[PDB]
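Structure 1 and structure 2 below are the same protein chain in two forms, each given by itself as structure tokens.
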Structure 1
């Protein structure tokens, strides 16, 4: 009838925010540690292989964006059916998403793999890197969908295990296929492939075989469900997309402000802050589940409680994290991380927008945060001020301040509108 994850969402919102974020944090931690390590192995492979990276990166990030967004849409739609105590509706979303993962999965493969040979034309290495990655696009999507099912139910521990067993297998298999065996840059993708396959066997085990999930995988092709999944899924894909593009724009700002000296400082600072933003990414994922559950119950008070408690806790964790960092890049490690305490005020709001099904507002807030304020102010402090590399860090921090104020008020505004 019930499950430890579903009994968490339907109960004390303060306990739900905590008990669900912690496993998500550990999962995201290993995930970020992979990105840190995978970038290192690729670095030093030569200039030709790095040129191949920038060839497939816009396509690579396209696949990950579509997959991650769809998973969020799955998570959002399942949490809302759980809150409304709608079992058959919660079962229907899961089956719909798995079919959605199949269609979207094979579509990406059939629409890109034959058309990747012409768009690229270092080039040969990119096509091979594309070939391995595109051939397993359906696997990547299924993973995020199966992840969204668990994350939307409250199975934060089984979802944590997914990415931990996930990223962990890649941290190990990365140097093996890149250096020991000697595939090169393509070995990173082949490590990614082989890793993704193993975990897709573990997810299908829990879902289909073990049946430990709250939902039963009742199915009937409904338009309301399809509208409900894409309403959050589609804008979330553009959110992660613009987030990477912001990293590219900020890079060119670091190019103008300090040069190549220079850009290396920005890459070092962006690495340590990626690990320091994990408690926010881990809690934002938990917030979407709780607020979504609260939205289904039509309990605004509980929704407001969980949204305000997720910020307060994450704010004080960051105060601690900032303290870790405080005690060239050494100068920027004392001014830049101050944007990490402003971040939970904005990331939690967009996450609760996804929770209540309004993904469009989540996309607008994210664009304003990552592009308009972060890149916008950083470009301004570097082109119109005597400050060089230092002004870039100021712009990011001062940009987050504005995006935090707008985000928090917009969040409290819509929470007030949910009563009238």
Structure 2
């Protein structure tokens, strides 16, 4: 009763950080490749089609943050349980999250569906021009449970060191979505709604794999059954203690990017075009970090389960090192090949280079405050990972951008310095928790 992933988790923290992060970074990246595909197919459809997607953006990101957040709590809870050699607890978190996926998932469907037609009118939609917005959001919400179930299944797997089969789910989902996108949109001639049916149908297949894995094959470490089910008030508090603040965190990172564009619109439209494009390019370097963060949580949780800080500190500190040296390469590439990177994303070329030479430099500082939030979720304290994210993106990143604006260079100058301070605050606070554990 011990799989390969468990032996990684219950082993050398340095070995665990790497061999879990790589397939995660892969999985995180292959799905980003989809967003670029679906990004270029939808573009050619016309002005009217992009207006339905952009309106269906908050509801999508809203139910992605929820699904992913619940998965983070699941991943962290199972990881901590397995670290403490508690199978009976680990098996019981897997079942608890599966029921929560049903509750959270379907509720998202039945709550949003009757409210989706007023959402558009509230924003000021015409009724015929944005009549696709309701049709696009209808298809996605019809699988809002599948999205959550997929995330939970992914959270269950990476929570027991099974990042390889977790990667498979991310690839199979993005791959099918990639091949069905041109067929549904263009070949079958469904238009923008075809992209929704492609995403829907692809997630169904992923769940079929996920279900086959932990319901049919059952070749996973944990045992999933209801035969002697014990509804726990503690496991429920556990998953939500990380999950709920995780959902708000993923929202806050993008709910602050709006204010950054507001400081770009105030300093106007030609400036917002420069900011948005430069931001999209620079933010691509976050994808490798996200994998490291997903791997950090899994290993600092197992170390917290094994109750030894030297392992928890090693994995969390090793995580920063690799993420530092990964961004070191990324930043250099973007700064050196700036005109080359601009050409592909601009089909304002001069103002973009002025950004892509200064702005991306904050990517190097990021891993400090990010691995800390990751291990904060690893030990189970998500409320601290949330308040550190609020401090970073909304308080410092935005606050400095407004302090410099009251030209356009002050926007990147605010984002960098604001994220520089937040990294310093984040790393120190992460260190303090370690010493507090060493004294516990």
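Just so we're on the same page, rigid core means the largest C-alpha set that superposes within 1.5 Å between forms. Positions refer to the first chain, counted from 1.
- Superposing the two forms on their core leaves just one of 234, 95, 341, 127 with a Cα displacement of at least 2 Å between structures 1 and 2, namely 127.
- Fitting the two forms on the rigid core leaves the C-alpha of residue 315 displaced by under 2 angstroms between structures 1 and 2.
- In the core-superposed comparison between structures 1 and 2, residue 71 has its Cα shifted by less than 2 Å.
- For residue 356, the Cα coordinates differ by under 2 angstroms between structures 1 and 2 after the core has been superposed.
- The two forms line up on their rigid core, and residue 400 then has its Cα shifted by 0.7 Å between structures 1 and 2.
- Relative displacement of the residue 33 Cα between structures 1 and 2 on rigid core alignment is 2.8 Å.
- In the rigid-core superposition between structures 1 and 2, residue position residue 157 carries a C-alpha shift of 1.3 Å.
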